[PDB]
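Next comes just one chain, in structure tokens: the form deposited in one PDB entry.
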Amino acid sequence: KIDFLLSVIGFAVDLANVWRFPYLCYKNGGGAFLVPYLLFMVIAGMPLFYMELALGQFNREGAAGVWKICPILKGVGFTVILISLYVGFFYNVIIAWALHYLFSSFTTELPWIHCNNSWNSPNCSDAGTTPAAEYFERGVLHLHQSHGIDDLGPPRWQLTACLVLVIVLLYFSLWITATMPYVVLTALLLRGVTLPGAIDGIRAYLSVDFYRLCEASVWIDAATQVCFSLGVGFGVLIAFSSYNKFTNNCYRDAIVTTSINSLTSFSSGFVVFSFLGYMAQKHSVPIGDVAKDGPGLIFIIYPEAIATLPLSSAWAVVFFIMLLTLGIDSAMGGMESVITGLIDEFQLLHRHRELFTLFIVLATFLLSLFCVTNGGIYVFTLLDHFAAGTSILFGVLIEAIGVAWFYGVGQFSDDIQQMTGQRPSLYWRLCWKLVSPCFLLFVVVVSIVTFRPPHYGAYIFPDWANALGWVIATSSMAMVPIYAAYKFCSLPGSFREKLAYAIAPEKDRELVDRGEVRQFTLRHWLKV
């Protein structure tokens, strides 16, 4: 009971629900993003969470070692590793910013208050631009000294020192902590509720605009955010569930996890939009013109909310300590999963583990050094747009198609019944077989066909930036066909002989050899 309670609480609050969710909610309107989020969640987030839990718990192997049930579909074990590496590249800049803010918040006069600092412009408006946004973009990022993604400039030494500290802390780390976010968020929520002009920001939150529901960006954003929040599509759920006993049940875990995650996301968006409405009322501007729909929205929103609070310095220190802890936890989880999977896959990198871990850490630091330069927000935006999205949805769709069609929904249900004593009902089987793959395929095709170039406020990325982004997405996406070709060419025999062992499970060896392959009959495919 205590261990199970602490298990659900751990996944409840993370960097996805605190940082990315309000950004994507403000970008898409507020309710026109809430509707697709719930629609995609209740349909294809719980079934995939349950499927990943059961697969990991039964196979008792890592992200790549599970695929002995469909030997040809193993490139999705390296696709997820590449995706996690790409995410971890830009996942450290958030922690560097948090460290910078925590260090700079150790004073009696906060710097994001008034328009008298050396990093200000004649456009600054004290109750143009706000002092908090001007501080973030001109005294921390120094974005005004870069023309665009073409003109980056040398890295800054302060953010480089913060990055080095983050890297060493992560490497050496790789009751009180688990309850600080709840208290801090409750204080912020109460303060935002009891503020003038918050009702407008709440009305703008709980109101659906049908004109944006006919687009595609909001559907793609909701689909990607569901996977980012729940944790599916990264290969960490399978690795974690590899040690989840055998008799532990998975549907009860999935239901509670999904419910708590949804509640936390809703509360975070509520707080952010309430403060947005207050500031819009204060500055005599509409809610849609307060700030830019960029990744650094919380770093502009939250300093002002702390400033409107008594004893603002202590609250600032506590908030940024909490943010640093959350980022460290998420980064540790991702890097641990990547390293463990790579070590397990190759038996050569087992006598040399510390060297491999040091090499991975060094490479991640070197490739994350690109976002510390003057124009690093452009590289951050490009990575955020292109590392996840089409690649993660493609990997999730391939995993679902494999596990369901190529293996057997009935066989998966029989395995689950053997594991836990209860065979899944018709809702789960139908969702695994038909409902989820169709909605994933539609989203993938829509995302691929539609253009949607990235931008940062008013900067428009050139053609070569989009080409590079598509290159780095395709690099992760294209691990399935190459492994399929290698596996097909490695097996011996003829076309039928190779195809028999390429798709049948490794537990089916004694039966495929004696002229009996289950995947060669219509009844196997036509069953739900």
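Between two forms, the rigid core is defined as the largest C-alpha subset superposing within 1.5 Å. Note that residue numbering begins at 1 and tracks the sequence as displayed.
**Q** In a third or more of the other compared PDB entries with flanking residues modelled, does residue 127 go missing?
**A** Per the records, residue 127 goes unmodelled in at least a third of the other entries.
**Q** Counting only residues from the deposited sequence, how many are left out of the model between residue 174 and residue 175 (none, 1 to 3, 4 to 9, 10 or more)?
**A** Missing residues, residue 174 to residue 175: 10 or more.
**Q** Which class describes the count of deposited residues lacking coordinates between residue 449 and residue 450: none, 1 to 3, 4 to 9, or 10 or more?
**A** Going from residue 449 to residue 450, the model skips no residues of the deposited sequence.
Separately, the form deposited in another entry exists; it is not shown, and the next lines address it.
**Q** Checking residue 12 here: with the core superposed, does its CA move 2 Å or more between this form and the one not shown?
**A** Residue 12 C-alpha, core-superposed: shift of 2 Å or more.
**Q** Just to spell it out: taking the C-alpha atom of residue 12 and the C-alpha atom of residue 334, is that distance smaller or larger in the other form than in the structure shown here, given it changes by 3 Å or more?
**A** Relative to the shown form, the pair is closer.
**Q** Specify closer or farther for residue 333 and residue 11: how their Cα atoms are spaced in the other form versus the shown form, given a shift of 3 angstroms or more.
**A** Closer in the other form, by 3 Å or more.
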